[PDB]
Amino acid sequence: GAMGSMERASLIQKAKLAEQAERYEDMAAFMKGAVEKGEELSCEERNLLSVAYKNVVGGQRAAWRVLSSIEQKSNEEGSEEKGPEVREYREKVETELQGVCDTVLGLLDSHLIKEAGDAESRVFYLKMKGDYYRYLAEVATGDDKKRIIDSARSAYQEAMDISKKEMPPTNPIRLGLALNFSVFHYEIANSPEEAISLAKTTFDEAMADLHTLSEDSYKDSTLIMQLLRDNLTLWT
Amino acid sequence: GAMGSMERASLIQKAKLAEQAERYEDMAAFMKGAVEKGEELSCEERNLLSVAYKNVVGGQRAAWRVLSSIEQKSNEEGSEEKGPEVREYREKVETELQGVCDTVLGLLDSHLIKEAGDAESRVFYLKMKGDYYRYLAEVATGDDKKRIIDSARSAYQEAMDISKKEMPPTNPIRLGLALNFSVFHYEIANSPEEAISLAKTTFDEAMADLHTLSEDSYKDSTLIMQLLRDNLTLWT
Amino acid sequence: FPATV
Amino acid sequence: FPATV
Ligand SMILES: *CC(=O)Nc1ccc(-c2nc3ccccn3c2NCc2ccccc2F)cc1
Ligand SMILES: *CC(=O)Nc1ccc(-c2nc3ccccn3c2NCc2ccccc2F)cc1
Ligand SMILES: [Ca+2]
Ligand SMILES: [Ca+2]
Ligand SMILES: [Ca+2]
Ligand SMILES: [Ca+2]
Ligand SMILES: [Ca+2]
Ligand SMILES: [Ca+2]
Ligand SMILES: [Ca+2]
Ligand SMILES: [Ca+2]
Ligand SMILES: [Ca+2]
Ligand SMILES: [Ca+2]
Ligand SMILES: [Ca+2]
Ligand SMILES: [Ca+2]
Ligand SMILES: [Cl-]
Ligand SMILES: [Cl-]
């Protein structure tokens with residue numbers, strides 16, 4: 001790997017610089033290098049990894065959606081034939097996106113998840129696994145589409161089970177996991193009722209636990225609770 | 001070149017798709033491929049080329065400025081020593097930026113400028129040459145810094161001479177060239193009075209020619225005139 | 001599109 | 001920073 005010669009601490013330092021410079025591809029490459037050193041990641045380091053790849057894949061997803069929309073319009077009645085270029089370029093972006101997802105899933109499988117024993121790390125990584133299978137599912141159209149969806153579901157479900165047992169209902173990782181699994185239900189699994197039920201239950205159980213929190217913890221939990229509310233408003 | 005097997009028209013089509021998807025690195029690569037087909041570029045095609053590389057280098061410049069600022073702060077009295085990482089990463093971004101500038105200048109030299117005979121094409125390309133030498137000058141600190149600055153000046157000056165002879169004072173290429181050469185004077189050549197004089201004269205001569213224009217031409221010229229005014233307001 | 005984190 | 005186009 002190209003980062004093999006750089007110190008772990010230097011990779012982390014440069015990931016933080018890349019973030020400040022909004023150089024998310026660089027940030028992701030630095031954090032991949034850090035993971036490949038073989039040591040477990042701290043809370044801060046896990047969040048550098050997630051932020052980096054979230055931004056990279058987020059840009060790819062936005063581009064893919066633009067191109068998919070153009071492609072869909074090209075296949076409507078009355079649309080003039082413009083040749084293979086739209087499909088080709090959508091496929092190019094799609095392949096790049098799948099590559100990033102596969103890279104992230106590869107890091108999780110080799111060997112972040114298996115060494116993650118604490119709830120906060122294990123749930124975090126399983127949430128990531130669910131998310132990146134979800135992104136693969138967004139672009140899947142073939143024989144393995146059902147299996148990709150089930151891979152996302154399975155990762156989310158394991159994360160949910162651990163989070164319910166080991167974390168308070170206001171824990172931000174627990175809340176974010178539930179937010180995203182709810183979106184999985186609505187957007188991927190064709191299960192809007194499950195999505196709504198999960199968002200509502202999550203919100204209500206968090207509300208009941210807010211009284212236990214400091215001001216700073218309250219702030220962070222309520223931010224994610226508002227996102228649950230926003231989705232519920234969108235869906236009802 | 002990786003685009004050698006793709007049709008010129010397909011490269012142009014995909015450049016436009018990349019723009020819609022805000023995939024400016026892709027857009028630039030497609031337009032580089034189009035240039036390397038060896039045919040002259042139309043007005044629309046020249047502007048696809050400029051837009052693509054402007055966005056790529058614009059992002060690099062923004063990142064370079066962030067990192068340079070951090071580096072400068074690290075060399076202040078009382079700043080803790082954090083090792084070579086800030087310098088290294090600033091150098092990485094800088095080298096990437098120089099690479100893009102060299103790529104653009106390479107396309108202009110091989111062979112866009114030499115085949116450009118009409119004022120609108122020749123001035124456009126010479127403006128680009130001035131701009132990309134200006135971006136090289138922004139990061140230059142060595143023995144060739146003066147020569148880089150003079151390369152920018154020389155390209156801008158040739159463009160100015162042609163534009164004054166061959167274009168009306170409201171021509172958007174002429175106006176944009178003058179805007180940018182004025183910024184060159186202020187920010188690169190340590191010549192704020194020249195910058196101000198050029199912006200004012202350009203603005204006033206354009207104002208006097210607006211009466212000749214259609215509504216649409218008026219709109220486009222006045223947009224750039226407002227940028228001249230904005231800079232004058234900043235500088236006075 | 002719905003919110004995710 | 002000043003405006004350029
Ligand atoms: C140790 C650890 O992981 N702690 C942690 C992770 C994430 C957050 C967090 N809070 C908020 C509030 C509002 C928006 C975004 N966040 C984040 N980051 C995104 C994120 C990532 C994973 C799980 C949940 C989640 F929200 C706070 C503390
Ligand atoms: C054929 C040709 O080149 N025509 C042309 C080029 C550029 C513009 C133009 N008008 C405006 C108004 C406001 C902002 C930006 N623009 C552009 N594009 C940027 C640009 C590039 C090169 C020279 C000048 C310039 F403004 C219109 C018509
Ligand atoms: Ca070491
Ligand atoms: Ca075509
Ligand atoms: Ca595909
Ligand atoms: Ca462990
Ligand atoms: Ca616990
Ligand atoms: Ca609604
Ligand atoms: Ca051909
Ligand atoms: Ca260091
Ligand atoms: Ca250098
Ligand atoms: Ca010619
Ligand atoms: Ca003329
Ligand atoms: Ca002022
Ligand atoms: Cl393509
Ligand atoms: Cl580096």
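Reminder, nothing fancy here: chain letters follow the sequence lines and each chain counts from 1. Whatever order the structure lists ligands and atoms in, that order sets their numbers, starting from 1.
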*Asks:* Between B:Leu105 and B:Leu136, does a side chain to side chain contact (heavy atoms under 4.5 Å, CB included) hold up when you go through it step by step?
*Replies:* CA-CA 11 Å; B:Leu105 293 169; B:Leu136 290 178; 3.8 Å; yes
*Asks:* Please write down residue, atom name and distance for the protein heavy atom closest to atom 24 (C) of ligand 2.
*Replies:*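 Of the protein heavy atoms, B:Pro172 O, 3.3 Å lies nearest.
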*Asks:* Taking everything shown except A:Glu39 itself, do over 12 heavy atoms lie less than 6.0 Å from its CD?
*Replies:*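 No - once you tally the heavy atoms of other residues, nucleotides and ligands closer than 6.0 Å, there are 12 at most.
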*Asks:* For atom 1 (C) of ligand 2, is some protein heavy-atom partner under 4.0 Å away?
*Replies:*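 True for atom 1 (C) of ligand 2.
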*Asks:* Would you call A:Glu205 and A:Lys200 a salt bridge, taking side-chain N to carboxylate O under 4.0 Å as the test?
*Replies:*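 Here A:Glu205 does not pair with A:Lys200 in a salt bridge, since their nearest N and O are not under 4.0 Å apart.
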*Asks:* For the CD atom of A:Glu88 and the CD atom of A:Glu71, what is their distance to the nearest 0.5 Å?
*Replies:*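 Rounded to the nearest 0.5 Å, the CD-CD separation comes out at 10.5 Å.
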*Asks:* Is there any N or O on B:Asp220 that sits under 3.5 Å from an N or O of ligand 2?
*Replies:*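 Among all N and O atoms of B:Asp220, at least one is under 3.5 Å from an N or O of ligand 2.
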*Asks:* Are any of the side-chain nitrogens in B:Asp109 or B:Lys129 under 4.0 Å away from the carboxylate oxygens of its partner?
*Replies:*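 Not counted as a salt bridge, because no side-chain N and carboxylate O are separated by less than 4.0 Å.
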*Asks:* Any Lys/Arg nitrogen of A:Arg134 or A:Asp131 sitting under 4.0 Å from an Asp/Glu carboxylate oxygen of the other?
*Replies:*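 Between A:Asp131 and A:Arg134 there is a salt bridge, with a charged N closer than 4.0 Å to a carboxylate O.
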*Asks:* Give a yes or no on whether a salt bridge exists between B:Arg147 and B:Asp150, defined as a side-chain N under 4.0 angstrom from a carboxylate O.
*Replies:*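 Judged by the 4.0 Å cut-off on N to carboxylate O distance, B:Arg147 and B:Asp150 do not form a salt bridge.
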*Asks:* Which protein non-hydrogen atom lies closest to atom 4 (N) of ligand 2, naming both residue and atom, and how far is it?
*Replies:*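 For atom 4 (N) of ligand 2, the nearest protein heavy atom is B:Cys43 SG, 3.5 Å.
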*Asks:* Which ligand 2 atoms does B:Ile173 reach within 4.0 Å, using its non-hydrogen atoms?
*Replies:*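 That gives atoms 2 (C), 3 (O), 23 (C), 24 (C) of ligand 2.
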*Asks:* Is atom 18 (N) of ligand 2 touching the protein, meaning some protein heavy atom lies under 4.0 Å away?
*Replies:*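 Within 4.0 Å of atom 18 (N) of ligand 2, no protein heavy atoms are found.
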*Asks:* Take every heavy atom of B:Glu120, measure it against each atom of ligand 2, and state whether any distance is under 4.0 Å.
*Replies:*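 B:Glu120 does not count as a contact of ligand 2 under the 4.0 Å cut-off.
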*Asks:* Heavy-atom distances under 4.0 Å are what count here, so tell me which part of B:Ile224 touches ligand 2: side chain, backbone, both or neither.
*Replies:*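 For B:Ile224, only side-chain atoms sit under 4.0 Å from ligand 2.
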*Asks:* Closer than 4.0 Å to some heavy atom of B:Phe124 - which atoms of ligand 2 meet that?
*Replies:*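 In order of numbering, the contacting atoms are 3 (O), 22 (C).
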*Asks:* Does a side-chain N-to-carboxylate-O contact under 4.0 Å join B:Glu138 and B:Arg65?
*Replies:*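 Looking at B:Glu138 and B:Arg65, the cut-off is met.
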*Asks:* Close to the Ca ion (ligand 7), meaning under 3.0 Å, how many protein N, O or S atoms are there?
*Replies:*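 My tally for this metal is 1.
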*Asks:* What pair of heavy atoms forms the shortest contact from A:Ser163 to A:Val123, and how long is it?
*Replies:*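 Scanning both residues completely, I find the closest heavy atoms to be N-CG2, 3.9 Å.
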*Asks:* How many protein N, O or S atoms sit closer than 3.0 Å to the Ca ion (ligand 12)?
*Replies:*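 With waters ignored, the protein N/O/S count below 3.0 Å is 3.
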*Asks:* How close does the nearest protein non-hydrogen atom get to atom 25 (C) of ligand 2, and which residue and atom is it?
*Replies:*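 Protein heavy atom with the smallest distance to atom 25 (C) of ligand 2: D:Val5 CG2, 3.5 Å.
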*Asks:* Is it true that B:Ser151 and B:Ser154 share a donor-acceptor pair across their side chains at a distance under 3.5 Å?
*Replies:*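 Judged by distance alone, the side chains do not pair up.
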*Asks:* Determine, for A:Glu215 against A:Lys219, whether the closest basic-nitrogen to carboxylate-oxygen distance falls under 4.0 angstrom.
*Replies:*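 No.
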*Asks:* When the ring planes of A:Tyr53 and A:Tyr132 are compared, do they come out parallel, tilted or perpendicular, using 30° and 60° as the limits?
*Replies:*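 The rings of A:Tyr53 and A:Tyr132 stand perpendicular, inter-plane angle above 60°.
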*Asks:* Counting from 1, what ligand 2 atoms have a heavy atom of B:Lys127 closer than 4.0 Å?
*Replies:*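 Counting atoms of ligand 2 from 1, those under 4.0 Å from B:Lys127 are 22 (C), 23 (C).
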*Asks:* For the rings on A:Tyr89 and B:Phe30, is their centre-to-centre separation under 6.0 Å?
*Replies:*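 Yes - the distance between ring centres of A:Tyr89 and B:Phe30 falls below the 6.0 Å cut-off.
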*Asks:* For B:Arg174, does its backbone N or O pair with a side-chain atom of B:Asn171 as donor and acceptor, under 3.5 Å?
*Replies:*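 Yes; at least one donor-acceptor contact below 3.5 Å.
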*Asks:* Can A:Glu45 and A:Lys16 be counted as an ion pair, charged N to O under 4.0 angstrom?
*Replies:*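 A:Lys16 and A:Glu45: not salt-bridged.
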*Asks:* Counting only heavy atoms closer than 4.0 Å, does ligand 2 sit against the backbone of B:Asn47, its side chain, both, or neither?
*Replies:*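 Near ligand 2, B:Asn47 shows its side chain, while the N, CA, C and O stay back.
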